[PDB]
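Just structure.cif here, mmCIF, C-alpha atoms:
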data_work
loop_
_atom_site.label_atom_id
_atom_site.label_comp_id
_atom_site.auth_asym_id
_atom_site.auth_seq_id
_atom_site.Cartn_x
_atom_site.Cartn_y
_atom_site.Cartn_z
CA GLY Z 1 94.25 31.88 126.51
CA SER Z 2 96.62 34.30 128.19
CA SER Z 3 96.18 37.94 127.24
CA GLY Z 4 98.16 40.68 128.95
CA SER Z 5 100.92 43.15 128.18
CA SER Z 6 104.21 41.98 129.62
CA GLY Z 7 107.29 44.18 129.54
CA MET Z 8 110.10 43.05 127.28
CA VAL Z 9 113.68 43.98 128.09
CA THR Z 10 115.06 42.51 124.89
CA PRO Z 11 115.26 44.97 121.99
CA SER Z 12 114.15 43.77 118.57
CA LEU Z 13 116.89 42.92 116.09
CA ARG Z 14 116.78 45.25 113.11
CA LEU Z 15 119.21 44.27 110.37
CA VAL Z 16 119.75 47.25 108.11
CA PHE Z 17 121.35 46.56 104.74
CA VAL Z 18 123.83 49.41 104.51
CA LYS Z 19 125.73 47.57 101.81
CA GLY Z 20 125.39 44.52 99.59
CA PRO Z 21 122.85 43.69 96.88
CA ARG Z 22 120.11 44.53 99.36
CA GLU Z 23 121.75 47.81 100.29
CA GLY Z 24 118.83 49.97 101.38
CA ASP Z 25 116.83 47.18 102.95
CA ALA Z 26 116.02 46.59 106.60
CA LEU Z 27 114.39 43.82 108.61
CA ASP Z 28 113.04 43.44 112.13
CA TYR Z 29 112.68 40.42 114.38
CA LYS Z 30 111.53 39.64 117.90
CA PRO Z 31 113.86 38.80 120.80
CA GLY Z 32 114.76 35.14 121.06
CA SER Z 33 114.24 34.51 117.37
CA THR Z 34 117.18 32.90 115.61
CA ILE Z 35 117.92 34.63 112.33
CA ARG Z 36 119.86 32.33 110.03
CA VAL Z 37 121.56 34.59 107.50
CA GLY Z 38 122.69 32.75 104.40
CA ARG Z 39 122.67 32.95 100.62
CA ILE Z 40 119.70 30.74 99.81
CA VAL Z 41 116.31 31.41 101.35
CA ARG Z 42 115.98 27.68 101.85
CA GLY Z 43 116.02 27.26 105.61
CA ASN Z 44 117.23 30.77 106.34
CA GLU Z 45 115.73 33.90 107.87
CA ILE Z 46 117.68 36.08 105.46
CA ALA Z 47 119.23 35.27 102.11
CA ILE Z 48 121.62 37.49 100.18
CA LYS Z 49 122.64 36.82 96.60
CA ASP Z 50 126.07 38.40 96.90
CA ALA Z 51 127.84 35.15 96.10
CA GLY Z 52 130.32 35.87 98.87
CA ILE Z 53 127.56 34.52 101.07
CA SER Z 54 126.99 30.78 101.29
CA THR Z 55 123.81 28.84 101.96
CA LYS Z 56 124.85 28.33 105.56
CA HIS Z 57 127.13 31.31 106.11
CA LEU Z 58 126.22 32.16 109.69
CA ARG Z 59 123.30 32.24 112.09
CA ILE Z 60 122.00 34.94 114.40
CA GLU Z 61 120.64 34.13 117.84
CA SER Z 62 119.97 35.76 121.20
CA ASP Z 63 121.23 34.90 124.66
CA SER Z 64 118.55 35.19 127.32
CA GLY Z 65 118.14 38.93 126.94
CA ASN Z 66 120.83 39.82 124.43
CA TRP Z 67 121.80 39.32 120.81
CA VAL Z 68 124.83 37.35 119.67
CA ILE Z 69 126.39 36.42 116.35
CA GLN Z 70 128.21 33.26 115.34
CA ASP Z 71 130.17 32.65 112.17
CA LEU Z 72 129.25 29.16 111.01
CA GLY Z 73 132.77 28.75 109.68
CA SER Z 74 131.62 30.52 106.54
CA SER Z 75 133.76 30.35 103.42
CA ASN Z 76 135.32 33.78 103.84
CA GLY Z 77 134.70 34.98 107.37
CA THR Z 78 132.41 37.47 109.06
CA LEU Z 79 133.42 40.97 110.10
CA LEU Z 80 131.99 42.99 112.96
CA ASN Z 81 132.55 46.73 112.82
CA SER Z 82 136.27 46.20 112.42
CA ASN Z 83 137.07 42.69 113.57
CA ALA Z 84 136.89 39.26 111.96
CA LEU Z 85 134.57 36.95 113.85
CA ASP Z 86 135.45 33.35 114.62
CA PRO Z 87 133.57 30.05 114.38
CA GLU Z 88 134.77 28.83 117.75
CA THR Z 89 133.95 32.24 119.17
CA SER Z 90 130.71 34.07 119.84
CA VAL Z 91 130.33 37.82 120.10
CA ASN Z 92 127.49 39.88 121.52
CA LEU Z 93 125.70 42.18 119.11
CA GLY Z 94 125.29 45.85 119.95
CA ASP Z 95 123.60 49.04 118.82
CA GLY Z 96 125.22 50.24 115.61
CA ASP Z 97 127.22 47.11 114.87
CA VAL Z 98 128.18 46.75 111.23
CA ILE Z 99 128.33 43.21 109.90
CA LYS Z 100 130.52 42.92 106.82
CA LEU Z 101 130.01 39.52 105.24
CA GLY Z 102 130.40 38.07 101.76
CA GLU Z 103 132.13 40.40 99.33
CA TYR Z 104 130.52 43.80 99.72
CA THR Z 105 127.61 43.13 102.05
CA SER Z 106 127.23 45.16 105.22
CA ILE Z 107 124.49 44.80 107.81
CA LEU Z 108 123.72 47.33 110.51
CA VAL Z 109 122.45 46.16 113.88
CA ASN Z 110 119.80 48.37 115.42
CA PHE Z 111 117.99 47.70 118.68
CA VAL Z 112 114.32 48.56 118.30
CA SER Z 113 112.68 48.95 121.68
CA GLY Z 114 109.01 49.86 121.65
CA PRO Z 115 106.35 50.48 118.99
CA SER Z 116 107.28 52.36 115.84
CA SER Z 117 107.46 56.04 116.70
CA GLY Z 118 104.95 58.40 115.13
#

Write out the structure in this file as structure tokens.
Amino acid sequence: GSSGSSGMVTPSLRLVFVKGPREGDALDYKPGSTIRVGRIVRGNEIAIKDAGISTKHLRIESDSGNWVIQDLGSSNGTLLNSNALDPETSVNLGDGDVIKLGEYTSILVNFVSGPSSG
């Protein structure tokens, strides 16, 4: 069964589409949930039809109690705020991190901690 409360220290990953074809969209996921961002929905948490994005562009994952991004050697390269990510390198996501992938697709990283305010 198991039915309690439990206190999470990992903030939810909220990908806000600041730019791209989805510009104006936003998603939310739980901590420890890999978010494979690609072009085709097929086997992917998020799919963007910006062309610049490939089926298996990159994948998003967490590390224990943090968020990290990894560029699956995409055909172009991923940008973070103002730095090109690497395939053989993993960076830790933050609060207000802009992910510029594809051609003109930007994703904002927002850490949602707690129930929707209101």

Subject >> Distance query residue Z:82 at most 10 Å, all atoms listed in the file, self and fewer than 2 positions along chain excluded, as a VMD selection string >> reply: chain Z and resid 79 to 80 84 to 85 97 to 100

If you keep C-alpha atoms, can you produce a file of those selected residues as an mmCIF file, in the coordinates of the input?
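Listing of out10.cif after writing:
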data_model
loop_
_atom_site.group_PDB
_atom_site.id
_atom_site.type_symbol
_atom_site.label_atom_id
_atom_site.label_comp_id
_atom_site.auth_asym_id
_atom_site.auth_seq_id
_atom_site.Cartn_x
_atom_site.Cartn_y
_atom_site.Cartn_z
ATOM 1 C CA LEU Z 79 133.420 40.970 110.100
ATOM 2 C CA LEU Z 80 131.990 42.990 112.960
ATOM 3 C CA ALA Z 84 136.890 39.260 111.960
ATOM 4 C CA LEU Z 85 134.570 36.950 113.850
ATOM 5 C CA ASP Z 97 127.220 47.110 114.870
ATOM 6 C CA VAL Z 98 128.180 46.750 111.230
ATOM 7 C CA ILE Z 99 128.330 43.210 109.900
ATOM 8 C CA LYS Z 100 130.520 42.920 106.820
#

Select, counting all atoms listed in the file, all protein, DNA and RNA residues no farther than 10 Å from (119.0, 44.3, 105.4) in file coordinates, and express the selection as a PDB file with C-alpha atoms, in the coordinates of the input.
ATOM      1  CA  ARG Z  14     116.780  45.250 113.110  1.00  0.00           C
ATOM      2  CA  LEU Z  15     119.210  44.270 110.370  1.00  0.00           C
ATOM      3  CA  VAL Z  16     119.750  47.250 108.110  1.00  0.00           C
ATOM      4  CA  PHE Z  17     121.350  46.560 104.740  1.00  0.00           C
ATOM      5  CA  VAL Z  18     123.830  49.410 104.510  1.00  0.00           C
ATOM      6  CA  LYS Z  19     125.730  47.570 101.810  1.00  0.00           C
ATOM      7  CA  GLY Z  20     125.390  44.520  99.590  1.00  0.00           C
ATOM      8  CA  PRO Z  21     122.850  43.690  96.880  1.00  0.00           C
ATOM      9  CA  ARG Z  22     120.110  44.530  99.360  1.00  0.00           C
ATOM     10  CA  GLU Z  23     121.750  47.810 100.290  1.00  0.00           C
ATOM     11  CA  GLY Z  24     118.830  49.970 101.380  1.00  0.00           C
ATOM     12  CA  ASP Z  25     116.830  47.180 102.950  1.00  0.00           C
ATOM     13  CA  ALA Z  26     116.020  46.590 106.600  1.00  0.00           C
ATOM     14  CA  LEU Z  27     114.390  43.820 108.610  1.00  0.00           C
ATOM     15  CA  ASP Z  28     113.040  43.440 112.130  1.00  0.00           C
ATOM     16  CA  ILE Z  46     117.680  36.080 105.460  1.00  0.00           C
ATOM     17  CA  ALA Z  47     119.230  35.270 102.110  1.00  0.00           C
ATOM     18  CA  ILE Z  48     121.620  37.490 100.180  1.00  0.00           C
ATOM     19  CA  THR Z 105     127.610  43.130 102.050  1.00  0.00           C
ATOM     20  CA  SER Z 106     127.230  45.160 105.220  1.00  0.00           C
ATOM     21  CA  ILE Z 107     124.490  44.800 107.810  1.00  0.00           C
ATOM     22  CA  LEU Z 108     123.720  47.330 110.510  1.00  0.00           C
ATOM     23  CA  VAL Z 109     122.450  46.160 113.880  1.00  0.00           C
TER      24      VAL Z 109
END

Original post:
What lies within 8 Å of stretch 35-41 of chain Z using only C-alpha atoms, ignoring chain neighbours under 6 positions off, as a PyMOL selection string?
Top reply: chain Z and resi 47-51+53-61

**OP:** Taking the file above as input, evaluate the PyMOL selection byres ((chain Z and resi 10) around 12) and report the hits as a PyMOL selection string.
**Re:** chain Z and resi 6-9+11-13+29-33+62-67+94+111-114

**OP:** Counting all atoms listed in the file, write as a ChimeraX atom specification all protein and nucleic acid residues lying at most 9 Å from (135.9, 33.2, 103.8) in the file's frame.
**Re:** /Z:52-53,73-78,101-102

**OP:** Take atom CA of residue Z:45 and atom CA of residue Z:70 and report the distance between them in Å, one decimal.
**Re:** 14.6 Å

What are the centre and edge lengths in Å, to one decimal, of the axis-aligned box around all listed atoms of stretch 94-109 of chain Z with 4 Å added on each side, as JSON?
{"center_x": 127.3, "center_y": 44.2, "center_z": 109.6, "size_x": 17.7, "size_y": 20.2, "size_z": 28.6}

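A straight line drawn from atom CA of residue Z:68 to atom CA of residue Z:43 is 19.4 Å long.
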
Subject >> Length of the atom CA of residue Z:110 to atom CA of residue Z:34 vector [Å] >> reply: 15.7 Å

Original post:
From the set Z:71, Z:2, Z:44, Z:103, which residue has the shortest atom-to-atom contact distance to residue Z:89, counting only C-alpha atoms?
Top reply: Z:71
